[PDB]
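Novice: Quick one: the structure is below, questions incoming.
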Ligand SMILES: [Mg+2]
Ligand SMILES: [Mg+2]
Ligand SMILES: [Mg+2]
Ligand SMILES: [Mg+2]
């Protein structure tokens, strides 16, 4: 699919993902949710080739849910991101690789810190204060480089995110039909239903 | 460029054209007017390859203005459309052809009839009650086939045009940044400044 | 398209009097787009240091692979792996993927704990060893690094003098490469102390 | 094609097979590949039949106009005119021509013009697809100053072998003898040369 | 390459040039292309040197194992083993091999195995890039039941011409004689065969 | 591979290896299940022959197969881990393909199927 | 298919001083892995106190230098023996290069001399004629090996004054002709060590108000 | 790369230059191209440097095991057969071009080996990008019944021709002499005709020249007691 | 490359970076990407360096000939159209340009035309061209007002190039500033990006992602 | 654009104390077929210049005709055609170099590599190269094609730099050239035994030697070479 953004503030991680699904000529849907909850305090958004995106995301979801049941314990965001990276690094030398890029937003309950990881389809992982995939970063990073502070509130993060989406809606040629925004903090994952 | 529409009603011709200009990655402008007045009662909208569109349109404009001064007489819409078709039919077997598609909307003051001509870059001319170029017709023609009446007023034509643009904004992947709408009737050419 | 220059980056290593130095930039990118300024390319397993340039997914994969292998080595051998031995392990590991290789440019640096002798080595993506007495270079600005090192380097430099030489070699090489920069780190390595210094440089 | 020209004591003789080919189909089994550009200057053609017929027609025209102005042209002059056409139009031509002629001053002469458009004066020459198979035989058996009967035998035997091994060559062996005495045409049929 | 094998009254003789080539550079001017797969069964190699060395090594292994179990193999059997390797691996090989051997029951025999992997039993055989130029000469000069001296001369003269015209061929002419009397190696240097 | 038929019929129509597996269950600590009107309770016996046990880390007798289904057992402790692992994997596989968690009857039918398979497969007890 | 272009290797270097300018280049000419010549001059005195080098495809290079030398000659004829200033020469070379925009001279051109105030000047061109006045410029095969070294040792990039720790830059003090030649020699000695196409000899042309002087130095021949 | 091999009276000598390159850039100025397959069987490699070194060590390893199994000193023909069959199998994809030389109980031997599996026998051989320059010297000065001193001289002269005339070759000459009934003598840097001249200037910086953001001690020691 | 130009109350701001690259190799850090067509007109360099240099100094010659013949300053409209009509003649042959022709006349006021090698000629208020154009657009779009002061507009242009220089690998070196008034353009200096980045980071509080 | 059909291989040359030497074999190849065995590829121009040509033979014959025409043209209205205003080696080269570069610039090259060897009016040795691309260079030794790879290394051992030229006699130089021709016959598959050699000396003038042969060849060692590895018989 198209645009996926992420920003880590003082006490939470915010992920924004577009709603459009386009089959070449027509926009088949304008309310698509490009995310999967891997565990109560870990969310993964995704974008890439059709079919492979959801297939990969649900495959990861199933594996983390299996770990959670087996150990009766939630893996740290760092541990989940490492598992995901290895799967993609394995995939890139396969017969037919997963063409999927992801952002992993999680709140580490042990360290009481939000964490944002950016991983591309090759298995290239980086921890960041803010990240994106595709062309999304080209439009938004200059705004984030200017305004971002590590001590921002969740409300300030949402406002900086609105400025980023406005710039995307102005300068991007494609109509991505807005974004679904989700917040990850100490209390879990929730969706902002008005954005 | 992208979307250009036309509709001929009882007493006027209405042309709608998108405002966006895109240089690959970025939208450089969102207020572009993709039309040229050829004579007081004849308007031509255009879309095709960058540069060639404006170069062709202004070339045609210059030629019709030259005719108007020489004869002190405005050519009929039918005559102007034939001149334009021949130029494109000549162009298609040139060293480097004009990659330009046009709609010609004119009010014939002799017959007291509005007229709409659709011409593609090959020099394929047809007179129509309503027309389009590119993918625009694929989205809009089913609505026009249903609602169109030959005895429609200008206001009814604008309303049917709004329904067409709404369908385009819903199902088209590209953001064309709205349309500039112009009306051609017995009194000449005017722009609808709120659409 | 070329896997070895998608992400960018550089590593350089040098020898001195009873010491070695290894240094790298901090950039990770997606071609023209700068993605991270904290992507360190030097890792260590005991007292043996390994720098890796090239495709970033393979950099991460190989670090994890050599951590894996040196940990098993230590458990079985009951001692830390030495630079000379580790060099052979890197070569072996790369050549086993002869016809489906990791797109990387590794660099080894360290002091042998028994002889006290300073050691450096370099590799191509498929395992060939370059064991130079003076210096080793790797990455998207390897040409630039060869030019700096060849003129700036002299043998038997004291640790604090060697720091200046290798730092100036990296910095000025990186500034002539679009895909390198965004910070830099230098390791000065003596027989039983290692100092790590982050350098101030232009951020374009 | 299998074509050759051989100088001997009394002049020169040209030889050729009669097979014209389009793929594996023999489009003509009785072709005449020995072509007259002047009374006692003939040529053997190989390559595109269209190209070599066009060239030979132009040369015949050039030498006819030369003769009207300056008298009988030399064999060297005829070879030069062939070369000029083959060299200057090398990009658009596929032609390998052997020029043979008899002067009274220079006697028998042979010039070969390969693909590039270069000229080579030789005691004898071989060309065409079938010539590859008789380089060994011809080099071993050619002598200078042979008699007419010996030269006819040399060409008959040589082209016999070329025809035997080259599928593109075949039919009758045509020959044209160029001496002071005049111009003589010879033909040899399969039943004759196959039993050699 | 220029290689050939010729049966005669007392057995068979193999012949070859010594030039090995990578482009226009002569990578070896003193190559031995006459290869022993059994005491009195040898072969001439042409094509990829890697392929023909690999094949010959495998055949030598097969015939060594055949001999240990069933006694001396026939030349026909050796040719069949060559064929099996060349036919079944035709997609991945570039090899043209001539097999020659001496039995006491069958005397001298020659088998040629071209690119496709077909087998052809012949009185004599020629192969390699240089063979094209001596089809005419060899067909005219070969007789059955020649003497040893006549056969050495036939091969010497034939390969002399092949070397003369083929740039890929050259160096010394090596020969191996296979008779009841045993195995004799011969070598002929440029100063000898160039003046023929 | 080892193919020996360990579970076979006897002249009186009994499969002794299956019947001896029941004797291992008889030896295991007692487990009980009771369902109320709006709940189910699982009770388990802990033999007090083992003190100085660390109860924080010692394997507990009741195991969650999913967030809504639990499994307790009597018999060989090591054997039960293999059935629990298989059941946990199948539970996640069912969620992945059907997009609905397992019913209690389905999960039971699966585990019972695994147990049956090990009574007429070669080389296994 | 016929390829009208080739690569003759070589490396050139131009540095502008306060009241002087140097243009240096190695004397080795090559194709592929062979040496054509160990001494084939590449930097030329073009008259009017201007030196020039067009590095890359030597046929195009020789053609361009030949046409510029010719342009100097005709400038004298047409404009009463007026001295062609370095800035005017540079603009003229742009038009020579752009004249073949759609079938370019496959070379990287550098000229050196003094400007109309007597100060050192170097100009640098791409194959199709874009140009810039510069203080320091290497061109050709080993350009990527030389330029970073010059950034550091001529412009004192990434060098700061001891004690201040990054707060005060090392001041850009002017270099003598002896000092520049030292840096040129070390640049080519280092390039010779690491680039296979660089070696044999180094020829330097120095331009002052007094005229054009030459210096030659041996380089390693392997 | 230039590598040669020359037979003489009582043995064989091989030689090589010491330059390894990545495209036009010299990666190492003093590279070691003379490889040991066994104590008295040495080979020199051209082509893909990892391949020549890997294939040498694999066959060298198997040759050592074979020598222990059979209680016999290794033979050159064994190394040759094992190398060619391995390389044929990989259809030239393993880019190893080798000159294999040595002494064994059978005598002294000299072979070369192409990457696709073909072998040849000779008294003098050359391989690599500088092989044509080397072969020119060998074809000009080789004779039958060379002495040890004459063969070393001829071999190093052939490498010098590669060093000076081939851009792919340079720096120093390495030699290895294998004589019958003697230890093989490896002469590393037998000739050193390419020492760099002293630079015009020292580029040692004043201390404190480089700007530093942060300093920290790196813990290379294991987790400590107490 | 990153080049921008925008219209405002006090005229036009033109800002460019200084970097030129050949693949990954940084050829120059001191490239002049603003072409001084004449004392009243500026053009920006993007795409082909030669194509932009050559044809825009040529444009300066055509503008000089126009004012000699017509005894009047050429309009930005006419100047831009001379260039666009010229490159349209060469369409297909492989010219590479993306430029902003900037000027301030009496009849037009501050005017900017984007001119392209495929023939495009667009009048507009804000244009941004190059490999780092998207980064500069972000800073421009969110801070642009018509009623900016000359001081604030100059900074906005400087800051937008810095944003691109930081993120875009092929942009950097230094920033060149120009302010175009009705009486001509005024040069506002060369600013090294290395020194500028740290200065802006401290004074502005931006780039918290970078350690300084 | 074309492809060469009938071709000629290496041309080799060097300077010595009093002049220059140049040599080339007498073969015209047609691919791998050694088709024409009597082709002269050294073409003298006057008594002070010899032009050696390799590559396409049809183009060589064209260049030969251009040089013949050049001599005719120079003699027109020139009383000093055999004295002060005779054709110099430097004049002949510059003309050819001009033609070669022009022809490559029209994408229709003369498919050749050319070496012009001669002695100037003042006694100075002239030796310069030009090819189908118009590329030119000078050196104490020059060679084309295979000669570049095999002859130059041998000839450079005699004259390594400029200062070695006065120390090199004509006997030593000719010896070196003849040896190089033997080496090329051993190792170039498109070479022949027969060759021509030309010496241009400032004292003794132009000496043109035809029908030379490669002699003193070593082949005897071939008799001991058997198989490709393990074969003993
Ligand atoms: Mg950089
Ligand atoms: Mg940058
Ligand atoms: Mg031959
Ligand atoms: Mg060098």
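Protein chains in written order, with PDB author numbering: chain J, 1 to 195; chain X, 1 to 195; chain I, 1 to 204; chain b, 1 to 196; chain N, 1 to 196; chain C, 1 to 125; chain Z, 1 to 222; chain H, 1 to 226; chain Y, 1 to 212; chain a, 1 to 233.
Even for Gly, the Cβ is constructed at its ideal location relative to N, Cα and C.
Should residue 106 of chain a go down as buried or exposed, given a rule of 16 or more other Cβ atoms within 10 Å for buried?
Specialist: Against the tenth chain, residue 106 of chain a aligns to sequence position 106. That one is exposed.
Novice: Pick out whichever of Y:7, Y:118, Y:108 has its Cα sitting closest to the Cα of residue 98 of chain X.
Specialist: Residue numbering aside, residue 98 of chain X sits at position 98 when the second chain is read from its first letter. Comparing Cα positions, the closest option is Y:118.
Novice: To the nearest whole angstrom, what separates the beta carbons of residue 174 of chain H and residue 18 of chain H, a pair I think is in contact under 8 Å?
Specialist: Along the eighth chain, one-based indexing puts residue 174 of chain H at 174. Along the eighth chain, one-based indexing puts residue 18 of chain H at 18. Yes, residue 174 of chain H and residue 18 of chain H are in contact; Cβ-Cβ is about 6 Å, under 8 Å.
Novice: Under three-state DSSP, which class holds residue 228 of chain Z?
Specialist: Residue coverage of chain Z in this structure runs from 1 to 222, which leaves residue 228 of chain Z outside it and unanswerable.
Novice: Taking a contact to mean a Cβ-Cβ separation below 8 Å, would you say residue 100 of chain a touches residue 51 of chain a in this structure?
Specialist: Counted from its first residue, the tenth chain places residue 100 of chain a at position 100. Counted from its first residue, the tenth chain places residue 51 of chain a at position 51. No, these two residues do not count as a Cβ contact at 8 Å.
Novice: Does the stretch 37-47 of chain N come within contact of the stretch 56-64 of chain N, defined as at least 3 CB pairs closer than 8 Å?
Specialist: Taking 8 Å as the limit for Cβ pairs, the verdict is that the stretch 56-64 of chain N does touch the stretch 37-47 of chain N.
Novice: Just verifying my parser: in three-state terms, what is the DSSP assignment at residue 33 of chain N?
Specialist: Locating residue 33 of chain N in the fifth chain gives position 33, counting from the first residue. Correct three-state label for residue 33 of chain N: coil.
Novice: On the three-pair Cβ rule with 8 Å, is the stretch 4-18 of chain X touching the stretch 172-190 of chain X?
Specialist: Yes, since at least three Cβ pairs between the stretch 4-18 of chain X and the stretch 172-190 of chain X fall closer than 8 Å, the two stretches touch.
Novice: Rounding to the nearest angstrom, what Cα-Cα distance links residue 175 of chain Y and residue 147 of chain a in this structure?
Specialist: Within the ninth chain, numbered from 1, the residue matching residue 175 of chain Y stands at position 175. Within the tenth chain, numbered from 1, the residue matching residue 147 of chain a stands at position 147. Their Cα atoms are separated by approximately 55 Å.
Novice: How would you write the range of the beta strand (DSSP E) that residue 189 of chain H sits in, first residue to last?
Specialist: Within the eighth chain, numbered from 1, the residue matching residue 189 of chain H stands at position 189. Residue 189 of chain H -> beta strand (DSSP E) spans 185-191.
Novice: Give the DSSP bridge partners of residue 44 of chain I, in chain order.
Specialist: Walking along the third chain from the start, residue 44 of chain I turns up at place 44. BP columns for residue 44 of chain I point to I:49.
Novice: Could you round the C-beta distance between residue 20 of chain b and residue 129 of chain b to whole angstroms and report it? I think they count as a contact, below 8 Å.
Specialist: Numbered from its first residue, the fourth chain carries residue 20 of chain b at position 20. Numbered from its first residue, the fourth chain carries residue 129 of chain b at position 129. Wrong, their Cβ atoms sit about 12 Å apart, outside the cutoff.
Novice: Got a sec, what are the start and stop residues for the alpha helix (DSSP H) residue 70 of chain b sits in?
Specialist: Mapped onto the fourth chain, residue 70 of chain b falls at position 70. Taken as a continuous stretch (DSSP letters only), the alpha helix (DSSP H) holding residue 70 of chain b covers 49-70.
Novice: What distance in whole Å lies between the Cβ atoms of residue 128 of chain Z and residue 101 of chain Z, which are believed to be in contact at a cut-off of 8 Å?
Specialist: Translated into the one-based positions of the seventh chain, residue 101 of chain Z becomes position 101. Translated into the one-based positions of the seventh chain, residue 128 of chain Z becomes position 128. The Cβ separation is near 5 Å, so the contact holds.
Novice: Smallest Cα separation from residue 212 of chain Z: which of Z:117, Z:46, Z:17, Z:11?
Specialist: As a working note, residue 212 of chain Z is residue 212 in the seventh chain. Nearest option by C-alpha distance: Z:46.
Novice: In whole angstroms, what separates the C-alpha of residue 61 of chain Z from that of residue 119 of chain a?
Specialist: As a working note, residue 61 of chain Z is residue 61 in the seventh chain. As a working note, residue 119 of chain a is residue 119 in the tenth chain. Each residue's Cα considered, the two are about 27 Å apart.
Novice: Chain N beta carbons: is any one of them nearer than 8 Å to that of residue 61 of chain a?
Specialist: The residue you call residue 61 of chain a lines up with position 61 of the tenth chain. No, residue 61 of chain a does not count as interfacial toward chain N.
Novice: Under 7 Å, CB to CB, which of the residues in the stretch 136-151 of chain a have a partner in chain Z?
Specialist: The residues in question are 136, 137, 138, 139, 148, 149.
Novice: Please give me, in chain order, every unbroken run of the beta strand (DSSP E) with length at least 3 that falls completely inside the stretch 106-194 of chain Z.
Specialist: Within the stretch 106-194 of chain Z, the complete beta strand (DSSP E) runs of at least 3 residues are 107-114, 120-125, 131-134, 136-140.
Novice: Would you say residue 17 of chain Y touches ligand 1, meaning its beta carbon is less than 7 Å from a heavy atom?
Specialist: Here residue 17 of chain Y is taken as the residue at index 17 of the ninth chain, counted from 1. For ligand 1, not one heavy atom lies less than 7 Å from the Cβ of residue 17 of chain Y.
Novice: Give the interface partners of residue 21 of chain H over in chain N, defined as CB-CB distance under 8 Å, in chain order.
Specialist: Walking along the eighth chain from the start, residue 21 of chain H turns up at place 21. By Cβ distance, chain N contributes nothing, its closest Cβ being about 21 Å from residue 21 of chain H, past 8 Å.
Novice: As an exercise, report each continuous alpha helix (DSSP H) stretch of at least 4 residues that is fully enclosed by the stretch 204-230 of chain a, in chain order.
Specialist: Runs of the alpha helix (DSSP H) inside the stretch 204-230 of chain a: none found.
Novice: Does the beta carbon of residue 165 of chain Y sit closer than 8 Å to a beta carbon anywhere in chain I?
Specialist: Here the question's residue 165 of chain Y lines up with position 165 in the ninth chain. Residue 165 of chain Y counts as touching chain I.
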